[PDB]
Structure formats: C-alpha cells, structure tokens
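Trainee: Before anything else, here's the structure in question.
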Amino acid sequence: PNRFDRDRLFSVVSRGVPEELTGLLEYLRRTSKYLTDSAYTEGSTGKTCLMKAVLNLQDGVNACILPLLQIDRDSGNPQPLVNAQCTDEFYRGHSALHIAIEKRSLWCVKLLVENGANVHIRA
C-alpha cells in the first residue's frame, strides 16, 4: 500500500471511498515526488486523477475529493493540480474547472474555487 500507481489510484478515486488513501503522503515524501507528476496522469492527453474523480460522481457526491485536495496542497508543486490542464490538441487549455462546470454541479465548483484556481484560464 506504499507504492502508488496511476491505475490503482484511479480505481480508488473512482469508487469514492477515501479510507484507502492512507499512504499517499508517505509515498510522496519518500520518493520525493508530487501528485502532478507524469506517473499519475495520462501521458497522452494530460488527464489527471482529479479529472477522473470529478467525471464520476455518485448522485452528485464524491467524498474522496477533499482528502485528495488537502493532501495535494500539503505536498505538491506550486500548482495543486487545479491549474493543470489537458495538453492534447483536442482539449488544449481544458482545465478541471470546465470539466466540473459541464455536469451542471455547484459543490465541486465551490470546493475548486475555495482551494484556489484560475477561473480566467481558457480552453
């Protein structure tokens, strides 16, 4: 449960159960790596774990987001995976804010803006 991979982390965030997120801090401070590294994001487009988590919600709820954001801000690159945006030609500049705004939801927007974001960022 120490070494984390993109696939298992994506599966964990997809289910929306945050109990098994204990270990991200240890891996980040042991390997000296952030959550914005290429290892945890798709290497073809730029999608990150935040994207998968916000794309899938149970009746509009996703509890795992709060541990995800808090651990990211506790340990991460100056951008806490909120200014990170898709790089693929199809969706250059496309950020998590647009993804959240698509589903016609507010609470995710509130959490994203509260934790900090660049609303002027354009896709």
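Note on naming: chains are A, B, ... as they come in the structure tokens, residues start from 1 per chain, ligands start from 1 in the order shown.
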So that I can check the surroundings of range 84-95 of chain A, please list as JSON, numbers by chain every protein, DNA and RNA residue that reaches within 12 Å of it, counting only C-alpha atoms and ignoring chain neighbours fewer than 4 positions away.
Mentor: {"A": [35, 36, 37, 38, 41, 42, 43, 44, 45, 46, 47, 48, 49, 50, 51, 54, 77, 78, 79, 80, 99, 100, 101, 102, 112, 117, 118, 119, 120, 121, 122, 123]}
Trainee: Go ahead and dump the residues you just picked, N, CA and C atoms, as a JSON list (two decimals), in the first residue's frame.
Mentor:
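Written file, part_19.json:
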```
[["chain", "number", "residue", "atom", "x", "y", "z"],
["A", 35, "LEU", "N", 1.99, 14.90, -6.71],
["A", 35, "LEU", "CA", 0.84, 14.26, -7.34],
["A", 35, "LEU", "C", 0.63, 14.73, -8.78],
["A", 36, "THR", "N", 1.31, 15.79, -9.20],
["A", 36, "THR", "CA", 1.19, 16.30, -10.56],
["A", 36, "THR", "C", 2.18, 15.65, -11.52],
["A", 37, "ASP", "N", 2.94, 14.66, -11.05],
["A", 37, "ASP", "CA", 3.93, 14.01, -11.89],
["A", 37, "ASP", "C", 3.26, 13.24, -13.02],
["A", 38, "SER", "N", 4.03, 13.00, -14.09],
["A", 38, "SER", "CA", 3.50, 12.28, -15.24],
["A", 38, "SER", "C", 3.06, 10.87, -14.88],
["A", 41, "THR", "N", -0.74, 10.85, -14.18],
["A", 41, "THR", "CA", -1.60, 11.45, -15.20],
["A", 41, "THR", "C", -1.37, 10.74, -16.53],
["A", 42, "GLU", "N", -2.43, 10.65, -17.33],
["A", 42, "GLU", "CA", -2.31, 10.03, -18.64],
["A", 42, "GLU", "C", -1.24, 10.76, -19.45],
["A", 43, "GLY", "N", -0.32, 9.98, -20.03],
["A", 43, "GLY", "CA", 0.80, 10.55, -20.75],
["A", 43, "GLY", "C", 0.50, 10.97, -22.17],
["A", 44, "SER", "N", -0.74, 10.79, -22.63],
["A", 44, "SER", "CA", -1.13, 11.12, -23.99],
["A", 44, "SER", "C", -1.92, 12.42, -24.08],
["A", 45, "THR", "N", -2.84, 12.66, -23.14],
["A", 45, "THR", "CA", -3.70, 13.84, -23.17],
["A", 45, "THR", "C", -3.35, 14.86, -22.09],
["A", 46, "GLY", "N", -3.09, 14.40, -20.87],
["A", 46, "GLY", "CA", -2.88, 15.28, -19.73],
["A", 46, "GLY", "C", -3.91, 15.12, -18.64],
["A", 47, "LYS", "N", -4.87, 14.21, -18.79],
["A", 47, "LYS", "CA", -5.86, 13.97, -17.75],
["A", 47, "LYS", "C", -5.18, 13.51, -16.47],
["A", 48, "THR", "N", -5.66, 14.02, -15.34],
["A", 48, "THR", "CA", -5.13, 13.67, -14.03],
["A", 48, "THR", "C", -6.21, 12.98, -13.20],
["A", 49, "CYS", "N", -5.82, 12.54, -12.00],
["A", 49, "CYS", "CA", -6.76, 11.83, -11.13],
["A", 49, "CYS", "C", -7.96, 12.71, -10.79],
["A", 50, "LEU", "N", -7.72, 14.01, -10.59],
["A", 50, "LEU", "CA", -8.82, 14.93, -10.34],
["A", 50, "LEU", "C", -9.87, 14.83, -11.44],
["A", 51, "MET", "N", -9.42, 14.73, -12.69],
["A", 51, "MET", "CA", -10.34, 14.66, -13.82],
["A", 51, "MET", "C", -11.24, 13.44, -13.70],
["A", 54, "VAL", "N", -13.76, 13.80, -10.76],
["A", 54, "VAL", "CA", -14.85, 14.75, -10.99],
["A", 54, "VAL", "C", -15.75, 14.33, -12.14],
["A", 77, "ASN", "N", 3.54, 20.40, -6.12],
["A", 77, "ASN", "CA", 4.15, 21.51, -6.83],
["A", 77, "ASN", "C", 3.28, 22.75, -6.62],
["A", 78, "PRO", "N", 3.83, 23.96, -6.85],
["A", 78, "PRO", "CA", 3.06, 25.18, -6.56],
["A", 78, "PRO", "C", 1.63, 25.14, -7.09],
["A", 79, "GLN", "N", 1.41, 24.46, -8.21],
["A", 79, "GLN", "CA", 0.05, 24.27, -8.72],
["A", 79, "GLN", "C", -0.51, 22.99, -8.11],
["A", 80, "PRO", "N", -1.59, 23.06, -7.33],
["A", 80, "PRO", "CA", -2.16, 21.84, -6.72],
["A", 80, "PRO", "C", -3.15, 21.14, -7.65],
["A", 99, "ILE", "N", -14.44, 20.93, -16.77],
["A", 99, "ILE", "CA", -14.97, 19.58, -16.57],
["A", 99, "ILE", "C", -16.05, 19.60, -15.50],
["A", 100, "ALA", "N", -15.76, 20.24, -14.36],
["A", 100, "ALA", "CA", -16.75, 20.34, -13.29],
["A", 100, "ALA", "C", -17.98, 21.10, -13.75],
["A", 101, "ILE", "N", -17.78, 22.20, -14.48],
["A", 101, "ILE", "CA", -18.90, 23.04, -14.89],
["A", 101, "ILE", "C", -19.80, 22.31, -15.88],
["A", 102, "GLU", "N", -19.26, 21.33, -16.60],
["A", 102, "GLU", "CA", -20.07, 20.62, -17.59],
["A", 102, "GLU", "C", -21.25, 19.91, -16.94],
["A", 112, "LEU", "N", -13.45, 23.72, -5.64],
["A", 112, "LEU", "CA", -12.33, 24.06, -6.51],
["A", 112, "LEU", "C", -11.90, 25.50, -6.32],
["A", 117, "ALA", "N", -7.85, 28.46, -7.81],
["A", 117, "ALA", "CA", -7.94, 28.08, -9.21],
["A", 117, "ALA", "C", -7.76, 29.34, -10.05],
["A", 118, "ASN", "N", -7.73, 29.16, -11.36],
["A", 118, "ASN", "CA", -7.56, 30.26, -12.31],
["A", 118, "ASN", "C", -8.79, 30.27, -13.22],
["A", 119, "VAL", "N", -9.84, 30.96, -12.77],
["A", 119, "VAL", "CA", -11.12, 30.96, -13.46],
["A", 119, "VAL", "C", -10.98, 31.57, -14.85],
["A", 120, "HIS", "N", -10.01, 32.48, -15.01],
["A", 120, "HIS", "CA", -9.79, 33.09, -16.31],
["A", 120, "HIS", "C", -9.10, 32.15, -17.29],
["A", 121, "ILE", "N", -8.61, 31.00, -16.83],
["A", 121, "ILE", "CA", -7.98, 30.04, -17.73],
["A", 121, "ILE", "C", -8.98, 29.63, -18.79],
["A", 122, "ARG", "N", -8.51, 29.54, -20.03],
["A", 122, "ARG", "CA", -9.37, 29.29, -21.18],
["A", 122, "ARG", "C", -8.89, 28.07, -21.94],
["A", 123, "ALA", "N", -9.83, 27.36, -22.56],
["A", 123, "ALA", "CA", -9.57, 26.10, -23.24],
["A", 123, "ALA", "C", -9.48, 26.35, -24.74]]
```
Trainee: Could you pull out the strand (DSSP E or B) residues of chain A from DSSP and send them as a list in words?
Mentor: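 Across chain A, those assigned strand (DSSP E or B) are residues 58, 61, 85 and 95 of chain A.
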Trainee: For range 70-101 of chain A versus range 20-23 of chain A, which residues have an atom no more than 12 Å away, and what is each residue's nearest atom pair and distance in Å rounded to one decimal, using only C-alpha atoms, chain-then-number order, as a tab-separated table?
Mentor:
```
residue	atom	partner	partner_atom	distance
A:70	CA	A:21	CA	11.7
A:71	CA	A:21	CA	9.6
A:72	CA	A:21	CA	12.0
```
Trainee: Do a neighbour search on residue 111 in chain A at 10 Å with only C-alpha atoms, toss out local chain neighbours closer than 6 positions, and write the hits as number ranges by chain.
Mentor: A: 65-66, 69, 117
Trainee: Go ahead and save the picked residues with C-alpha atoms, as a PDB file, in the first residue's frame.
Mentor:
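Full text of out_22.pdb as output:
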```pdb
ATOM      1  CA  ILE A  65     -12.023  14.882  -3.436  1.00  0.00           C
ATOM      2  CA  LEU A  66     -11.457  16.566  -0.065  1.00  0.00           C
ATOM      3  CA  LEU A  69      -7.080  18.217  -2.478  1.00  0.00           C
ATOM      4  CA  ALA A 117      -7.941  28.081  -9.212  1.00  0.00           C
TER       5      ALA A 117
END
```
Trainee: Got a sec: who's within 9 Å of residue 57 in chain A, counting only C-alpha atoms, leaving out chain neighbours fewer than 3 positions off, as a PDB file with N, CA, C and O atoms, in the first residue's frame?
Mentor:
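As a result, part20.pdb now contains:
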```
ATOM      1  N   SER A  14     -12.217   6.472  -8.185  1.00  0.00           N
ATOM      2  CA  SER A  14     -13.467   6.227  -8.897  1.00  0.00           C
ATOM      3  C   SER A  14     -14.559   5.734  -7.954  1.00  0.00           C
ATOM      4  O   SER A  14     -15.709   6.180  -8.040  1.00  0.00           O
ATOM      5  N   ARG A  15     -14.220   4.813  -7.049  1.00  0.00           N
ATOM      6  CA  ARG A  15     -15.222   4.272  -6.136  1.00  0.00           C
ATOM      7  C   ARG A  15     -15.742   5.318  -5.161  1.00  0.00           C
ATOM      8  O   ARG A  15     -16.845   5.154  -4.628  1.00  0.00           O
ATOM      9  N   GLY A  16     -14.983   6.383  -4.916  1.00  0.00           N
ATOM     10  CA  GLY A  16     -15.423   7.402  -3.984  1.00  0.00           C
ATOM     11  C   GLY A  16     -15.308   7.017  -2.528  1.00  0.00           C
ATOM     12  O   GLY A  16     -15.970   7.628  -1.684  1.00  0.00           O
ATOM     13  N   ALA A  53     -11.934  11.668 -11.035  1.00  0.00           N
ATOM     14  CA  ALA A  53     -12.787  11.756  -9.856  1.00  0.00           C
ATOM     15  C   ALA A  53     -13.985  12.659 -10.114  1.00  0.00           C
ATOM     16  O   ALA A  53     -15.115  12.328  -9.736  1.00  0.00           O
ATOM     17  N   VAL A  54     -13.760  13.802 -10.762  1.00  0.00           N
ATOM     18  CA  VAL A  54     -14.847  14.748 -10.987  1.00  0.00           C
ATOM     19  C   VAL A  54     -15.747  14.326 -12.140  1.00  0.00           C
ATOM     20  O   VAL A  54     -16.902  14.762 -12.203  1.00  0.00           O
ATOM     21  N   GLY A  60     -24.063  12.830  -7.502  1.00  0.00           N
ATOM     22  CA  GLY A  60     -23.526  14.162  -7.316  1.00  0.00           C
ATOM     23  C   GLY A  60     -22.602  14.336  -6.133  1.00  0.00           C
ATOM     24  O   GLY A  60     -22.286  15.478  -5.781  1.00  0.00           O
ATOM     25  N   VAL A  61     -22.148  13.248  -5.513  1.00  0.00           N
ATOM     26  CA  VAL A  61     -21.297  13.316  -4.330  1.00  0.00           C
ATOM     27  C   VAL A  61     -19.996  12.578  -4.612  1.00  0.00           C
ATOM     28  O   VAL A  61     -19.991  11.538  -5.282  1.00  0.00           O
ATOM     29  N   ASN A  62     -18.888  13.130  -4.115  1.00  0.00           N
ATOM     30  CA  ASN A  62     -17.586  12.466  -4.204  1.00  0.00           C
ATOM     31  C   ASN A  62     -16.755  12.925  -3.005  1.00  0.00           C
ATOM     32  O   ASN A  62     -16.136  13.991  -3.034  1.00  0.00           O
TER      33      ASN A  62
END
```
Trainee: Rounded to one decimal place, report the CA of residue 34 in chain A-CA of residue 9 in chain A distance in Å.
Mentor: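 Pair CA of residue 34 in chain A / CA of residue 9 in chain A returns 13.8 Å.
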Trainee: How far is it from CA of residue 19 in chain A to CA of residue 76 in chain A, in Å with one decimal?
Mentor: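 Between CA of residue 19 in chain A and CA of residue 76 in chain A the gap is 20.8 Å.
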Trainee: Using only C-alpha atoms, which residue out of A:97, A:11, A:39, A:5 lies closest to residue 64 in chain A?
Mentor: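 Closest residue, counting only C-alpha atoms: A:11.
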Trainee: What does the distance between CA of residue 74 in chain A and CA of residue 29 in chain A come to in Å, to one decimal place?
Mentor: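 Interatomic distance here is 10.6 Å.
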Trainee: Go through A:2, A:55, A:28, A:115 and flag the residue nearest residue 98 in chain A, using only C-alpha atoms for the distances.
Mentor: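 Under the stated criterion, the closest residue is A:55.
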Trainee: Compare A:7, A:26, A:12, A:83 by their minimum atom-to-atom distance to residue 56 in chain A, counting only C-alpha atoms, and give me the closest one.
Mentor: A:12
Trainee: As JSON, numbers by chain, please: every residue in chain A that DSSP puts in alpha helix (DSSP H).
Mentor: {"A": [6, 7, 8, 9, 10, 11, 12, 13, 14, 15, 24, 25, 26, 27, 28, 29, 30, 31, 49, 50, 51, 52, 53, 54, 55, 65, 66, 67, 68, 69, 70, 71, 72, 73, 74, 96, 97, 98, 99, 100, 101, 102, 107, 108, 109, 110, 111, 112, 113, 114, 115]}
